[PDB]
């Protein structure tokens, strides 16, 4: 029924400094030929407490995809620290990879992300204002959280 199947997502350049870009090698299998485009999005959850703090880091149109296995690297620039609340800067958050086909979300790959200081002084005594230039982003690549949604392939 579902025209697109997501085979795997490989998290590249992990870990990396907070300001360094996101890298993802995406594999998907096309069961049938699609006449429309497959839109991929990288969404950073700036704050667990509110959807106000979400940042679409990148969005890519892929198509017209013919039947068969396909692969691509999905790169995205780092989130904006000025849009991220202080209380959510250090610790755990979520990055999302979504795919729509005719405005309809059918796949959502989510990762837990660990933003921590590597410096002994900073990790033991974190500042009031987070120093983003010293935070390391460590994605939980071994725990991909995948959600499929029932969509219309008209």
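Rigid core (definition): largest C-alpha set, two forms, superposition within 1.5 Å. Numbering follows the first chain given and starts at 1.
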Exercise. Determine, for 91 to 99 and 65 to 73, which one has C-alphas that on average lie farther from this form in 6 other deposited structures of this protein; superpose on the rigid core first.
Key: 65 to 73
Practice problem: Consider 39 to 47 and 56 to 64 separately and indicate which one has Cα atoms farther, on average, from the shown form in 6 other deposited structures of this protein after rigid core alignment. | Solution: 56 to 64
Quiz item: What stretch has the higher average Cα B-factor here, 48 to 56 or 98 to 106?
Solution: 98 to 106
Quiz item: Hey, which bit's got the bigger mean C-alpha B factor in the entry, 28 to 36 or 111 to 119?
Solution: 28 to 36
Quiz item: In the PDB entry, which of 62, 87, 92, 43 has its C-alpha at the highest B-factor?
Solution: 62
Quiz item: Taking the C-alpha B-factors as the PDB entry records them, is residue 71 in the lowest, middle or highest third of its chain?
Solution: highest
